[PDB]
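Chemist: Take this structure, written in structure tokens, and hold onto it; I'll ask about it next.
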Amino acid sequence: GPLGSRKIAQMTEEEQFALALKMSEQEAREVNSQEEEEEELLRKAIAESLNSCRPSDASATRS
């Protein structure tokens, strides 16, 4: 193969089962932590939104 690498030998029955378990673990680890953080930010965003009150100046003059 490439770089003269040796081809991969056939996998045993036990190895195949091991791969199945490994794939399952990878699927769980594929979970993005940002999802949990995003949810927390959303909850905080709501409170900030209520405290984001910023009425336009009556004079129309910028601070």
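Labeling convention for the structure tokens: chains A, B, ... as they appear, residues from 1 per chain, ligands from 1 in order of appearance.
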Hey, what does DSSP flag as helix (DSSP H, G or I) within range 5-47 of chain A? Can you give it to me as a VMD selection string?
Modeler: chain A and resid 13 to 29 34 to 47
Chemist: Now that the selection is made, can you save its residues with C-alpha atoms as a PDB file, in the first residue's frame?
Modeler:
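Saved to again24.pdb:
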```pdb
ATOM      1  CA  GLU A  13     -15.168 -12.138  15.129  1.00  0.00           C
ATOM      2  CA  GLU A  14     -14.263 -10.851  18.588  1.00  0.00           C
ATOM      3  CA  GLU A  15     -12.589  -7.816  17.041  1.00  0.00           C
ATOM      4  CA  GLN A  16     -15.734  -6.984  15.080  1.00  0.00           C
ATOM      5  CA  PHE A  17     -17.796  -7.003  18.270  1.00  0.00           C
ATOM      6  CA  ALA A  18     -15.215  -4.786  19.952  1.00  0.00           C
ATOM      7  CA  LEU A  19     -15.524  -2.326  17.079  1.00  0.00           C
ATOM      8  CA  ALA A  20     -19.277  -2.193  17.589  1.00  0.00           C
ATOM      9  CA  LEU A  21     -18.776  -1.138  21.200  1.00  0.00           C
ATOM     10  CA  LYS A  22     -16.100   1.367  20.208  1.00  0.00           C
ATOM     11  CA  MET A  23     -18.426   2.969  17.667  1.00  0.00           C
ATOM     12  CA  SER A  24     -21.143   3.360  20.290  1.00  0.00           C
ATOM     13  CA  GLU A  25     -18.703   5.098  22.620  1.00  0.00           C
ATOM     14  CA  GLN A  26     -17.607   7.433  19.840  1.00  0.00           C
ATOM     15  CA  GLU A  27     -21.216   8.361  19.101  1.00  0.00           C
ATOM     16  CA  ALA A  28     -21.702   9.447  22.708  1.00  0.00           C
ATOM     17  CA  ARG A  29     -18.411  11.361  22.710  1.00  0.00           C
ATOM     18  CA  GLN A  34     -21.537  23.742  23.283  1.00  0.00           C
ATOM     19  CA  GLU A  35     -25.101  22.437  23.249  1.00  0.00           C
ATOM     20  CA  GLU A  36     -25.216  22.456  27.053  1.00  0.00           C
ATOM     21  CA  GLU A  37     -23.489  25.835  27.237  1.00  0.00           C
ATOM     22  CA  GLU A  38     -25.815  27.279  24.608  1.00  0.00           C
ATOM     23  CA  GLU A  39     -28.843  26.250  26.658  1.00  0.00           C
ATOM     24  CA  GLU A  40     -27.428  27.986  29.729  1.00  0.00           C
ATOM     25  CA  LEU A  41     -26.663  31.112  27.716  1.00  0.00           C
ATOM     26  CA  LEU A  42     -30.201  31.161  26.377  1.00  0.00           C
ATOM     27  CA  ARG A  43     -31.641  31.173  29.889  1.00  0.00           C
ATOM     28  CA  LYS A  44     -29.325  34.016  30.871  1.00  0.00           C
ATOM     29  CA  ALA A  45     -30.047  35.861  27.630  1.00  0.00           C
ATOM     30  CA  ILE A  46     -33.714  36.083  28.581  1.00  0.00           C
ATOM     31  CA  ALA A  47     -32.897  37.787  31.884  1.00  0.00           C
TER      32      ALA A  47
END
```
